[PDB]
>>> print(open('start19.tsv').read())   # TSV, C-alpha atoms
chain	number	residue	atom	x	y	z
M	19	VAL	CA	23.37	11.12	4.73
M	20	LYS	CA	23.05	10.04	1.12
M	21	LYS	CA	20.51	10.06	-1.72
M	22	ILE	CA	19.69	7.74	-4.59
M	23	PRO	CA	18.97	9.34	-7.99
M	24	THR	CA	15.43	9.19	-9.33
M	25	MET	CA	16.57	9.86	-12.93
M	26	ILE	CA	13.37	11.85	-13.26
M	27	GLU	CA	14.58	14.70	-15.46
M	28	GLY	CA	15.28	17.76	-13.34
M	29	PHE	CA	14.20	16.28	-10.01
M	30	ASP	CA	17.69	15.14	-9.01
M	31	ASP	CA	18.84	18.76	-9.42
M	32	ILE	CA	16.13	20.17	-7.13
M	33	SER	CA	16.76	17.44	-4.55
M	34	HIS	CA	20.58	17.87	-4.73
M	35	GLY	CA	21.18	14.17	-5.22
M	36	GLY	CA	17.79	12.49	-5.27
M	37	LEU	CA	15.53	11.09	-2.59
M	38	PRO	CA	16.99	10.34	0.87
M	39	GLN	CA	18.17	6.75	0.68
M	40	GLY	CA	16.77	4.14	3.04
M	41	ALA	CA	13.76	6.31	3.89
M	42	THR	CA	10.26	6.97	2.60
M	43	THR	CA	9.41	10.24	0.84
M	44	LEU	CA	5.91	11.74	0.88
M	45	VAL	CA	4.63	12.69	-2.59
M	46	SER	CA	1.53	14.77	-1.90
M	47	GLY	CA	-0.79	16.39	-4.44
M	48	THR	CA	-4.36	16.77	-5.61
M	49	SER	CA	-5.94	14.60	-8.31
M	50	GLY	CA	-4.25	14.58	-11.70
M	51	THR	CA	-1.05	16.23	-10.46
M	52	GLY	CA	1.31	13.38	-11.37
M	53	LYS	CA	1.57	11.45	-8.09
M	54	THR	CA	1.10	7.97	-9.57
M	55	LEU	CA	3.28	8.99	-12.53
M	56	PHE	CA	6.10	10.13	-10.25
M	57	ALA	CA	5.75	6.91	-8.24
M	58	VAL	CA	5.88	4.68	-11.33
M	59	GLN	CA	8.81	6.54	-12.91
M	60	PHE	CA	10.78	6.23	-9.66
M	61	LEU	CA	10.34	2.46	-9.89
M	62	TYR	CA	10.80	2.30	-13.67
M	63	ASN	CA	14.07	4.27	-13.64
M	64	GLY	CA	15.40	2.19	-10.74
M	65	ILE	CA	14.79	-0.97	-12.79
M	66	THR	CA	15.93	0.45	-16.14
M	67	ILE	CA	19.04	2.57	-15.47
M	68	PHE	CA	20.19	0.47	-12.50
M	69	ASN	CA	19.51	-3.20	-11.87
M	70	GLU	CA	17.56	-2.52	-8.67
M	71	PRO	CA	14.13	-4.21	-8.55
M	72	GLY	CA	11.05	-2.42	-7.31
M	73	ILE	CA	7.78	-3.26	-5.56
M	74	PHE	CA	4.61	-1.26	-6.31
M	75	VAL	CA	1.90	-1.38	-3.64
M	76	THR	CA	-1.46	-0.21	-4.99
M	77	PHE	CA	-4.64	0.32	-2.95
M	78	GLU	CA	-6.98	1.77	-5.61
M	79	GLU	CA	-5.80	1.14	-9.18
M	80	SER	CA	-5.81	-2.43	-10.46
M	81	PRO	CA	-2.40	-3.97	-11.33
M	82	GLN	CA	-3.41	-4.50	-14.95
M	83	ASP	CA	-4.81	-0.96	-15.04
M	84	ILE	CA	-1.42	0.20	-13.76
M	85	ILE	CA	0.29	-1.66	-16.61
M	86	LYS	CA	-2.28	-0.73	-19.28
M	87	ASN	CA	-2.04	3.02	-18.59
M	88	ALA	CA	1.77	2.79	-18.43
M	89	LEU	CA	1.84	1.93	-22.15
M	90	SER	CA	1.12	5.62	-22.88
M	91	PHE	CA	4.80	6.34	-22.08
M	92	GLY	CA	6.42	3.37	-23.81
M	93	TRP	CA	6.88	1.65	-20.44
M	94	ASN	CA	6.24	-2.11	-20.64
M	95	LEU	CA	5.58	-2.73	-16.96
M	96	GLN	CA	4.53	-6.26	-17.92
M	97	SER	CA	7.97	-7.06	-19.36
M	98	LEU	CA	9.65	-6.07	-16.09
M	99	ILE	CA	7.37	-8.43	-14.14
M	100	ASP	CA	8.41	-11.34	-16.36
M	101	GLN	CA	12.10	-10.62	-15.67
M	102	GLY	CA	11.46	-10.59	-11.91
M	103	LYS	CA	12.47	-6.94	-11.55
M	104	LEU	CA	9.01	-5.46	-10.92
M	105	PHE	CA	6.22	-6.68	-8.65
M	106	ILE	CA	2.83	-5.08	-8.10
M	107	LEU	CA	1.42	-5.78	-4.64
M	108	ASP	CA	-2.37	-5.79	-5.06
M	109	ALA	CA	-3.75	-4.31	-1.84
M	110	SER	CA	-6.96	-3.07	-3.46
M	111	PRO	CA	-10.14	-4.12	-1.65
M	112	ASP	CA	-12.53	-6.91	-2.61
M	113	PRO	CA	-15.93	-5.75	-3.93
M	114	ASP	CA	-18.64	-6.49	-1.32
M	115	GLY	CA	-16.62	-9.14	0.50
M	116	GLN	CA	-14.27	-7.10	2.70
M	117	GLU	CA	-15.70	-6.61	6.20
M	118	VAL	CA	-13.71	-5.08	9.06
M	119	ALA	CA	-15.23	-5.02	12.56
M	120	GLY	CA	-13.47	-3.46	15.52
M	121	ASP	CA	-9.83	-2.59	16.02
M	122	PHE	CA	-7.27	-3.82	13.51
M	123	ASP	CA	-3.64	-3.62	12.46
M	124	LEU	CA	-2.00	-3.66	9.03
M	125	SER	CA	0.32	-6.52	10.00
M	126	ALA	CA	-0.70	-8.71	7.06
M	127	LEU	CA	0.03	-5.81	4.70
M	128	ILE	CA	3.40	-5.14	6.35
M	129	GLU	CA	4.18	-8.86	6.12
M	130	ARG	CA	3.16	-8.93	2.44
M	131	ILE	CA	5.30	-5.93	1.47
M	132	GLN	CA	8.24	-7.31	3.46
M	133	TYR	CA	7.97	-10.75	1.85
M	134	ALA	CA	7.90	-9.16	-1.61
M	135	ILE	CA	10.93	-6.99	-0.79
M	136	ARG	CA	12.97	-10.03	0.26
M	137	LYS	CA	11.89	-12.34	-2.57
M	138	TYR	CA	12.56	-9.82	-5.36
M	139	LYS	CA	15.65	-8.24	-3.72
M	140	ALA	CA	14.10	-4.81	-4.19
M	141	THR	CA	15.56	-1.49	-3.06
M	142	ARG	CA	12.74	0.81	-4.25
M	143	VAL	CA	9.11	0.67	-3.13
M	144	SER	CA	6.15	2.79	-4.19
M	145	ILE	CA	2.88	2.80	-2.26
M	146	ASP	CA	0.20	4.47	-4.38
M	147	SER	CA	-2.64	6.31	-2.61
M	148	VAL	CA	-1.95	6.17	1.12
M	149	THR	CA	-5.05	8.36	1.37
M	150	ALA	CA	-7.02	5.40	0.02
M	151	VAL	CA	-6.36	3.20	3.07
M	152	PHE	CA	-7.80	5.95	5.28
M	153	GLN	CA	-10.91	5.99	3.07
M	154	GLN	CA	-11.27	2.20	3.02
M	155	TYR	CA	-10.93	1.81	6.82
M	156	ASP	CA	-12.94	4.15	9.03
M	157	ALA	CA	-10.29	4.21	11.80
M	158	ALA	CA	-8.20	7.30	11.04
M	159	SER	CA	-6.03	6.98	14.16
M	160	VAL	CA	-5.42	3.24	13.68
M	161	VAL	CA	-4.43	3.59	10.01
M	162	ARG	CA	-2.16	6.57	10.72
M	163	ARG	CA	-0.39	4.55	13.44
M	164	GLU	CA	0.16	1.55	11.15
M	165	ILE	CA	1.61	3.62	8.30
M	166	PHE	CA	4.13	4.94	10.83
M	167	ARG	CA	4.97	1.31	11.64
M	168	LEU	CA	5.16	0.53	7.91
M	169	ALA	CA	7.62	3.36	7.28
M	170	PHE	CA	9.96	1.84	9.87
M	171	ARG	CA	10.09	-1.70	8.46
M	172	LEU	CA	10.57	-0.15	5.02
M	173	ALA	CA	13.46	1.84	6.50
M	174	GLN	CA	14.64	-1.24	8.42
M	175	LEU	CA	14.97	-3.23	5.19
M	176	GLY	CA	16.95	-0.36	3.66
M	177	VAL	CA	14.60	0.16	0.71
M	178	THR	CA	13.76	3.70	-0.37
M	179	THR	CA	10.02	4.20	-0.48
M	180	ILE	CA	7.56	6.65	-2.01
M	181	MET	CA	4.14	7.06	-0.40
M	182	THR	CA	1.64	9.09	-2.39
M	183	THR	CA	-1.10	11.02	-0.64
M	184	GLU	CA	-4.17	12.82	-1.89
M	185	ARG	CA	-4.70	16.47	-1.04
M	186	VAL	CA	-7.68	18.65	-0.17
M	187	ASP	CA	-6.68	21.85	-1.99
M	188	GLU	CA	-3.80	22.92	-4.22
M	189	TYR	CA	-2.56	25.51	-1.70
M	190	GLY	CA	-3.62	24.16	1.68
M	191	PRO	CA	-2.56	21.56	4.22
M	192	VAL	CA	0.23	19.21	3.24
M	193	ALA	CA	-1.73	15.95	3.21
M	194	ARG	CA	-5.19	14.63	4.01
M	195	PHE	CA	-5.74	13.01	7.44
M	196	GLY	CA	-2.30	14.20	8.54
M	197	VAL	CA	0.24	11.66	7.31
M	198	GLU	CA	2.63	14.59	7.01
M	199	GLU	CA	2.92	14.51	10.82
M	200	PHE	CA	4.13	10.86	10.84
M	201	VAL	CA	6.04	10.61	7.55
M	202	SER	CA	7.47	14.03	8.39
M	203	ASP	CA	11.04	13.84	7.10
M	204	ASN	CA	10.53	14.04	3.31
M	205	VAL	CA	7.68	15.92	1.58
M	206	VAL	CA	7.37	16.67	-2.14
M	207	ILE	CA	4.36	18.74	-3.22
M	208	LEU	CA	2.88	18.46	-6.72
M	209	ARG	CA	0.41	21.08	-7.95
M	210	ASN	CA	-1.71	21.73	-11.04
M	211	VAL	CA	-3.05	25.28	-11.37
M	212	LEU	CA	-5.79	26.02	-13.93
M	213	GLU	CA	-5.46	29.69	-14.88
M	214	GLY	CA	-8.06	30.35	-17.56
M	215	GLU	CA	-6.81	28.02	-20.28
M	216	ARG	CA	-3.13	27.55	-19.38
M	217	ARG	CA	-2.48	24.65	-16.98
M	218	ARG	CA	0.81	25.16	-15.08
M	219	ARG	CA	2.09	22.14	-13.11
M	220	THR	CA	4.77	22.75	-10.47
M	221	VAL	CA	6.76	20.55	-8.07
M	222	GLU	CA	8.18	21.73	-4.74
M	223	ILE	CA	10.62	20.16	-2.27
M	224	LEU	CA	9.12	20.99	1.14
M	225	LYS	CA	11.34	18.83	3.38
M	226	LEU	CA	14.31	16.53	2.73
M	227	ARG	CA	15.51	15.42	6.21
M	228	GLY	CA	17.48	18.67	6.51
M	229	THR	CA	19.56	17.87	3.45
M	230	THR	CA	20.04	20.63	0.92
M	231	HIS	CA	17.38	21.26	-1.72
M	232	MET	CA	15.93	24.06	-3.84
M	233	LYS	CA	13.22	26.27	-2.36
M	234	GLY	CA	9.92	27.01	-4.06
M	235	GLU	CA	7.84	25.50	-6.83
M	236	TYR	CA	9.46	24.64	-10.16
M	237	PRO	CA	7.49	24.03	-13.37
M	238	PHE	CA	7.44	20.58	-14.92
M	239	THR	CA	5.82	19.05	-18.00
M	240	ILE	CA	4.66	15.54	-18.85
M	241	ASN	CA	6.45	14.09	-21.91
M	242	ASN	CA	6.93	10.33	-21.39
M	243	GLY	CA	7.88	11.04	-17.77
M	244	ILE	CA	8.22	14.14	-15.59
M	245	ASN	CA	10.48	16.97	-16.79
M	246	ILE	CA	11.21	19.90	-14.44
M	247	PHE	CA	12.90	22.89	-16.04
M	248	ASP	CA	13.40	25.96	-13.80
M	249	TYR	CA	16.94	26.23	-12.36
U	15	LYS	CA	-14.38	-30.72	4.93
U	16	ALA	CA	-17.85	-29.21	4.67
U	17	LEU	CA	-16.83	-25.79	6.07
U	18	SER	CA	-13.23	-24.55	6.12
U	19	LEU	CA	-12.04	-21.44	7.95
U	20	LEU	CA	-8.62	-19.79	8.12
U	21	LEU	CA	-7.60	-17.50	10.99
U	22	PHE	CA	-4.74	-15.21	9.99
U	23	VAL	CA	-3.22	-13.50	13.04
U	24	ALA	CA	-0.09	-11.50	13.79
U	25	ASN	CA	2.21	-12.26	16.73
U	26	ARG	CA	2.48	-8.97	18.60
U	27	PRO	CA	2.14	-8.85	22.41
U	28	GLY	CA	-1.19	-10.24	23.58
U	29	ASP	CA	-2.03	-11.88	20.24
U	30	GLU	CA	-0.97	-15.26	21.66
U	31	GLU	CA	-3.55	-15.36	24.46
U	32	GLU	CA	-6.28	-13.76	22.33
U	33	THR	CA	-5.90	-15.99	19.27
U	34	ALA	CA	-6.40	-19.12	21.37
U	35	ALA	CA	-9.50	-17.59	22.98
U	36	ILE	CA	-11.35	-16.65	19.78
U	37	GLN	CA	-10.47	-20.07	18.33
U	38	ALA	CA	-12.26	-21.70	21.27
U	39	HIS	CA	-15.29	-19.49	20.56
U	40	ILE	CA	-15.68	-20.61	16.95
U	41	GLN	CA	-15.05	-24.25	17.89
U	42	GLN	CA	-17.87	-24.11	20.47
U	43	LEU	CA	-20.34	-22.84	17.87
U	44	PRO	CA	-23.13	-25.39	17.28
U	45	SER	CA	-22.80	-27.31	14.01
U	46	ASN	CA	-23.84	-30.74	12.74
U	47	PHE	CA	-21.19	-30.93	9.99
U	48	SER	CA	-17.41	-31.11	10.22
U	49	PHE	CA	-15.38	-27.92	9.79
U	50	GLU	CA	-11.66	-27.24	10.15
U	51	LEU	CA	-10.80	-23.69	11.21
U	52	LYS	CA	-7.02	-23.75	10.73
U	53	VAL	CA	-5.03	-20.97	12.41
U	54	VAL	CA	-2.42	-19.59	9.98
U	55	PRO	CA	0.36	-17.39	11.43
U	56	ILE	CA	0.91	-14.73	8.78
U	57	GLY	CA	4.70	-14.96	9.04
U	58	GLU	CA	4.84	-18.60	7.96
U	59	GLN	CA	2.60	-18.61	4.84
U	60	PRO	CA	3.15	-15.47	2.74
U	61	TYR	CA	2.03	-17.09	-0.52
U	62	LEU	CA	-1.36	-17.57	1.15
U	63	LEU	CA	-1.39	-13.95	2.31
U	64	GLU	CA	-1.16	-12.91	-1.35
U	65	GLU	CA	-3.93	-15.16	-2.71
U	66	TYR	CA	-6.57	-13.55	-0.47
U	67	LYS	CA	-5.14	-10.00	-0.77
U	68	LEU	CA	-4.80	-9.63	2.99
U	69	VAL	CA	-4.23	-6.19	4.51
U	70	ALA	CA	-6.02	-5.94	7.85
U	71	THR	CA	-5.42	-8.37	10.73
U	72	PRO	CA	-6.88	-10.47	12.36
U	73	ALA	CA	-8.79	-12.03	9.47
U	74	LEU	CA	-11.02	-15.11	9.27
U	75	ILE	CA	-11.62	-16.40	5.73
U	76	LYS	CA	-14.57	-18.61	4.84
U	77	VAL	CA	-12.92	-20.64	2.07
U	78	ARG	CA	-14.62	-23.94	1.21
U	79	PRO	CA	-18.38	-23.14	0.96
U	80	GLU	CA	-18.43	-20.41	-1.72
U	81	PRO	CA	-19.00	-17.49	-1.77
U	82	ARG	CA	-15.71	-16.99	0.07
U	83	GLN	CA	-15.81	-14.37	2.82
U	84	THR	CA	-13.26	-12.54	4.94
U	85	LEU	CA	-14.12	-11.18	8.38
U	86	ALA	CA	-11.43	-8.99	9.87
U	87	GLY	CA	-10.86	-6.86	12.92
U	88	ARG	CA	-10.47	-7.69	16.59
U	89	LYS	CA	-14.29	-7.93	16.81
U	90	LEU	CA	-14.50	-10.55	14.05
U	91	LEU	CA	-16.34	-12.96	16.36
U	92	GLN	CA	-19.34	-10.60	16.28
U	93	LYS	CA	-19.59	-11.20	12.53
U	94	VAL	CA	-18.73	-14.88	12.87
U	95	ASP	CA	-21.75	-15.09	15.18
U	96	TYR	CA	-23.80	-13.12	12.64
U	97	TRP	CA	-22.88	-15.31	9.65
U	98	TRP	CA	-22.81	-18.71	11.40
U	99	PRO	CA	-26.56	-19.45	10.94
U	100	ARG	CA	-26.23	-18.51	7.26
U	101	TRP	CA	-23.35	-20.96	6.75
U	102	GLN	CA	-25.88	-23.82	6.77
U	103	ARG	CA	-24.18	-25.51	3.81
U	104	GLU	CA	-25.90	-28.80	2.96
U	105	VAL	CA	-23.68	-30.15	0.18
>>> encode(input="start19.tsv", output="structure tokens")
Amino acid sequence: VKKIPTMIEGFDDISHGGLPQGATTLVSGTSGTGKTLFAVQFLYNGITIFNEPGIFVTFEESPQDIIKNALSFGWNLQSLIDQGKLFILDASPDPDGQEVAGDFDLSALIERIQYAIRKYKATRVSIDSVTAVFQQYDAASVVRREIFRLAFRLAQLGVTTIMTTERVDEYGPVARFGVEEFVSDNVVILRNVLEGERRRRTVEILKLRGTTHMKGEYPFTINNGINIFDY
Amino acid sequence: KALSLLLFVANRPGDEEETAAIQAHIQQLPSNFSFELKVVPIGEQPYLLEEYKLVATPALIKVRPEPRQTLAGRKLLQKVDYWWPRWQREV
């Protein structure tokens, strides 16, 4: 029914309100398209403009590396952690001490995200690199099933989530391993086309649970956040 | 006290019967020292879930005799059997 604003400049105009509230939205793009940036800004703006805390679940980047790189935009992610408004869930693997044998479920991950949501009273969650869990666990069908289960408990707790996914090509399938077909209600596509010397980045609203949105790709730039400017 | 193991398990259907069975397996493994093997339901100790960065379940963590190890998956006994001779910790 409703949408929460992202406060990402221009995005709330393409989405006609923001991201569908109480659901997870798929942010899919190739490398260096702005996925992690979009995911961090969605959490940062939720904490800064409103007093809604956010949880950041990372599978690849280190929590300090998330904070250290964030300084490039004037965003003190460390200062939000000290005020209890941000929390980075470190779900990155252990080097040469993580062994998985046989079938598995992501119940401990779903319990960890849930516990963080309830302790910090969060309403926004970002899960960076869903593609990375597929790469870390060689059970494509099992991981795909458990993300579907994760999207439901995220929706059950009422938090609005962003799951980033890596892509194969710029113009190609929607996501790698097919998480589009399970997180199928909300899909945002980020691109990054290299024509000669000019690099044009565009964002597109593919699906928004049938709510109204703007069709097509719209150009955005990166100036201490994401700034979309064609409408 | 010499060897300490933690078995983190969910509580979906069938986990109840299975978690008791694998626990009996580890406890029947031959050893001359005392070990614990405490079964930790993931719902009751979330602070512990964070310390070991748990994601996949079931997971058995070798805690006391460093280097710490985590063996996960529903076939974790196969790797418990593999590593058990290595866990010959003297002192």
>>> residues_around(input="start19.tsv", residues="residue 59 in chain M", least_positions_apart="3", cutoff="8 Å", atoms="all atoms listed in the file", output="PyMOL selection string")
chain M and resi 24+26+55-56+62-63+243
>>> residues_around(input="start19.tsv", residues="residue 57 in chain U", least_positions_apart="5", cutoff="12 Å", atoms="only C-alpha atoms", output="MDAnalysis selection string")
(chainID M and resid 125:133) or (chainID U and resid 22:26 62:63)
>>> atom_distance(input="start19.tsv", atom1="CA of residue 61 in chain M", atom2="CA of residue 81 in chain M")
14.3 Å
>>> interface_residues(input="start19.tsv", of="chain U", to="chain M", cutoff="9 Å", atoms="all atoms listed in the file", output="list in words")
residues 22, 23, 24, 56, 57, 60, 61, 63, 64, 67, 68, 69, 70, 71, 72, 73, 81, 82, 83, 84, 85, 86, 87, 88, 89, 90, 91, 92 and 93 of chain U
>>> residues_near_point(input="start19.tsv", point="(0.6, 16.5, 2.1)", cutoff="7 Å", atoms="all atoms listed in the file", output="PyMOL selection string")
chain M and resi 46-47+183+185+191-194+198+207
>>> write_last_selection(input="start19.tsv", atoms="C-alpha atoms", output="CSV table (one decimal), in the frame of the given file")
chain,number,residue,atom,x,y,z
M,46,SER,CA,1.5,14.8,-1.9
M,47,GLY,CA,-0.8,16.4,-4.4
M,183,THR,CA,-1.1,11.0,-0.6
M,185,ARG,CA,-4.7,16.5,-1.0
M,191,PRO,CA,-2.6,21.6,4.2
M,192,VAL,CA,0.2,19.2,3.2
M,193,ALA,CA,-1.7,16.0,3.2
M,194,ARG,CA,-5.2,14.6,4.0
M,198,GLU,CA,2.6,14.6,7.0
M,207,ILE,CA,4.4,18.7,-3.2
>>> atom_distance(input="start19.tsv", atom1="CA of residue 48 in chain M", atom2="CA of residue 160 in chain M")
23.6 Å
>>> closest_residue(input="start19.tsv", among="U:21, U:16, U:34, U:74", to="residue 49 in chain U", atoms="only C-alpha atoms")
U:16
>>> atom_distance(input="start19.tsv", atom1="CA of residue 105 in chain M", atom2="CA of residue 70 in chain M")
12.1 Å
>>> closest_residue(input="start19.tsv", among="M:143, M:213, M:44, M:242", to="residue 87 in chain M", atoms="only C-alpha atoms")
M:242
>>> residues_around(input="start19.tsv", residues="residue 95 in chain U", least_positions_apart="4", cutoff="12 Å", atoms="all atoms listed in the file", output="PyMOL selection string")
chain U and resi 36+39-44+85+89-91+99-101
>>> closest_residue(input="start19.tsv", among="M:86, M:225, M:162, M:34", to="residue 149 in chain M", atoms="all atoms listed in the file")
M:162
>>> closest_residue(input="start19.tsv", among="M:33, M:159, M:74, M:80", to="residue 233 in chain M", atoms="all atoms listed in the file")
M:33
>>> residues_around(input="start19.tsv", residues="residue 47 in chain U", least_positions_apart="5", cutoff="12 Å", atoms="all atoms listed in the file", output="NGL selection string")
:U and (15-18 or 101-105)
>>> write_last_selection(input="start19.tsv", atoms="C-alpha atoms", output="JSON list (two decimals), in the frame of the given file")
[["chain", "number", "residue", "atom", "x", "y", "z"],
["U", 15, "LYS", "CA", -14.38, -30.72, 4.93],
["U", 16, "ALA", "CA", -17.85, -29.21, 4.67],
["U", 17, "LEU", "CA", -16.83, -25.79, 6.07],
["U", 18, "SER", "CA", -13.23, -24.55, 6.12],
["U", 101, "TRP", "CA", -23.35, -20.96, 6.75],
["U", 102, "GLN", "CA", -25.88, -23.82, 6.77],
["U", 103, "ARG", "CA", -24.18, -25.51, 3.81],
["U", 104, "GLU", "CA", -25.90, -28.80, 2.96],
["U", 105, "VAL", "CA", -23.68, -30.15, 0.18]]
>>> residues_around(input="start19.tsv", residues="residue 222 in chain M", least_positions_apart="4", cutoff="7 Å", atoms="all atoms listed in the file", output="list in words")
residues 206, 207, 208, 234, 235 and 236 of chain M
>>> closest_residue(input="start19.tsv", among="M:97, M:202, M:220, M:153", to="residue 166 in chain M", atoms="all atoms listed in the file")
M:202
